[PDB]
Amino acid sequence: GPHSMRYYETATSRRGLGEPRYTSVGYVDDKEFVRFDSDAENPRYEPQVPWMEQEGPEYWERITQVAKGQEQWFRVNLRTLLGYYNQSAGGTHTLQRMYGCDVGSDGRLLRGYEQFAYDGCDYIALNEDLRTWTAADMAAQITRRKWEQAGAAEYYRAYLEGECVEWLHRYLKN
């Protein structure tokens, strides 16, 4: 039958000194299976369920590398949004991202997700057609404009269409 995989990433800037608080959590069907936390004693990806401990050590290392990579991405783009919305340098803000795939019974992609939110408001999201973007406001249109010119929709669609579906298949087997 149908299956799904979702990843939720959130970065929250803090007043005062200190980098943003970043968190990443993944879900299979609707069960948390992986999690990363920047404010952890040992920041790294870790299994949340027994059937995830069967992944090689190198699996969790390179995947934790993506975390650090994603974390820096959220750091740089939190600053970009402060300028787009002309916000005071003194405040807390949260940039969020959700991405994933739903797979039908035939094993093929049923629906793909790639959407971002800023301070609890939708910013930009990949439409179900996986070809166009919905830009909530004028600031989002700056991003959408540059993403249409760079063919970002196809880029993300490639992942959702292949890797997302393939890894969901693997996880379900284990």
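Note that residue numbering begins at 1 and tracks the sequence as displayed.
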**Q.** Residue stretch of maximal mean CA temperature factor, 51-59 vs 111-119
**A.** 51-59
Q. Of 162-170 and 19-27, which one has the bigger average CA B-factor?
A. 162-170
Q) Which of these has the highest Cα B-factor in the record: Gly90, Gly83, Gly104, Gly100? A) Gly90
Q | Residue, from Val34, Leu126, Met138, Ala40, that the PDB entry assigns the highest Cα B-factor | A | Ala40
Q. With respect to C-alpha B-factor, does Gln65 fall in the lowest, middle or highest third of the chain as deposited?
A. highest
Q) Lowest, middle or highest third of the chain for the C-alpha temperature factor of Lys146? A) middle
